[PDB]
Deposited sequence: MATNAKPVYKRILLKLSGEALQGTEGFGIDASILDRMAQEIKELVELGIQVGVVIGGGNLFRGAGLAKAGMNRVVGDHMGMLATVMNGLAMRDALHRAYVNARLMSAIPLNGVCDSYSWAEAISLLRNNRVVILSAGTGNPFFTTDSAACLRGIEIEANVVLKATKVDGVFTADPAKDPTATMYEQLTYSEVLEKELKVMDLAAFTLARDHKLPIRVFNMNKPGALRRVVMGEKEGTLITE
């Protein structure tokens, strides 16, 4: 029983790093993720990680309050660097080789995203954390996850949510799909990331796997080709 993927693009939503308070970053979750990612690295799986920032700031949210949307999005991107920073540290303290890259240059703190460098790091079994998403306002980290996934030629984009997967509707009667095609998602107007991102993933045939990052072992199951979450291909 060997893993089913060689290189993956793990997308961690920012809310996944929140404690009970539903804000900031929660050490315990980060520490557990480091252990789960550690296991994948040992399993020979190359891991690229795109991290969210919504647990701190959402540009759109700041804009409604009156702020210029672009500055709000810059803050949001910065927030992802903060999460990337905390995640990288959790990885290092777990003795996992990891490099934090940023689409927005932040000398000293981490390194600027570099495709060539990124590929070289992955081939050398370094966990590469991609922060600041796409580097542009008006986008989400989901778009960065798909863009970076395509860029590093990941076998799949693993979207870690707080739910088991894709449901017929936000789960009383709602059931969970095990597999879907981009066509069926759109057709039924199912909820799987932002349209710009999904569309991007579709046009490039980047398969997506929606799974629950709170269910311990879920991540491992997904890479081991075991029944877990929903697969989106076609």
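Missing residue ranges, deposited sequence indexing starting at 1: Several stretches lack coordinates - namely 1-4, 176-178, in sequence order.
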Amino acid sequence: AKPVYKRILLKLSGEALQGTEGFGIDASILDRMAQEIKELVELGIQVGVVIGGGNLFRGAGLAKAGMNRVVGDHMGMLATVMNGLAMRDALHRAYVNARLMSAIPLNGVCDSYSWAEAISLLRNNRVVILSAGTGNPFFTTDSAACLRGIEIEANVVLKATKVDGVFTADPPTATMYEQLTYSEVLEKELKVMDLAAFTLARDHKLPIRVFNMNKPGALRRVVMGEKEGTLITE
From here on, numbers count along this sequence of modelled residues.
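Mean Cα B-factor comparison, 158-166 or 111-119, giving the higher one as deposited: If you average the C-alpha B-factors of 111-119 and of 158-166, the larger mean comes out for 158-166.
Identify the stretch, either 32-40 or 196-204, whose C-alpha atoms have the larger mean B-factor according to the entry. Averaged over C-alpha atoms, the B-factors run higher in 196-204.
Of the choices 68, 181, 46, 173, which one's C-alpha carries the largest B-factor in the record? That would be 173.
Entry-reported Cα temperature factor of residue 9, expressed as the chain third it lands in: According to the entry, residue 9 has a C-alpha B-factor in the chain's lowest third.
Split the chain's modelled residues into thirds by Cα B-factor; is residue 50 in the lowest, middle or highest one? Answer is lowest: the recorded C-alpha B-factor places it there.
Thinking about Cα B factors across the chain, which third does residue 132 belong to? For residue 132, whose C-alpha B-factor we compare with every modelled residue in the chain, the answer is the lowest third.
Just say lowest, middle or highest third for the CA B-factor of residue 104 relative to the other modelled residues in its chain. Top third by C-alpha B-factor.
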